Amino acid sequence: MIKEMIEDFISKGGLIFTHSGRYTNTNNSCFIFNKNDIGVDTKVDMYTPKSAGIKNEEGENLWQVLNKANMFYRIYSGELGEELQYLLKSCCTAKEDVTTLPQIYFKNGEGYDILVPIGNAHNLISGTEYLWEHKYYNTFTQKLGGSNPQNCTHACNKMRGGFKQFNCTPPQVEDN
């Protein structure tokens, strides 16, 4: 069944990534898949036009399936056979887009590098989940997708409740 879902994912836009600037700006569409980051509990993000996705018996799409019970890593490592591994891995391609994204100078050895910052899918998805499970509330909540979460990102599309951010407020000197 997940074979059908993956093939349907491929038939459409179908891009699996672990880093994207689309978390910063809605119209960005830069996607990166960092192979070093892939572990057993790695959360992964996905894009297709309008988050169009075939749904299973319980009404879940491919993104919901892959990020449940280490399914992504299990397919990626070949536990479910070489075919599924191949089909899934074909969608892990990078797309370069620097538009609307910051370009900063970070000092290197007597020189500089230009950095174009993009966000991490794992930190958002797994981070929100984790801070939820451990009742951490020293936090803000931000919603990603703008007016159209559906066309932003699968994680953005499903997680309409927003993502958790660490409240990095410092202590203050008192008046009196």
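We number the residues from 1 along the sequence you see.
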Comparing mean C-alpha B factor in the record for 144-152 and 130-138, the higher one is 144-152
Higher of the two mean Cα B-factors (53-61, 116-124; per PDB record) comes from 53-61
Residue 40 - which third its CA temperature factor falls in, relative to the rest of the chain: highest
Tell me, lowest, middle or highest third: where does the Cα B factor of residue 66 rank within its chain? lowest
Considering only modelled residues of the same chain, in which third does the CA B-factor of residue 176 rank: lowest, middle or highest? highest
Third of chain Cα B-factors occupied by residue 162: highest
Taking only the Cα B-factors deposited for this chain, tell me whether residue 76 sits in the lowest, middle or highest third. middle
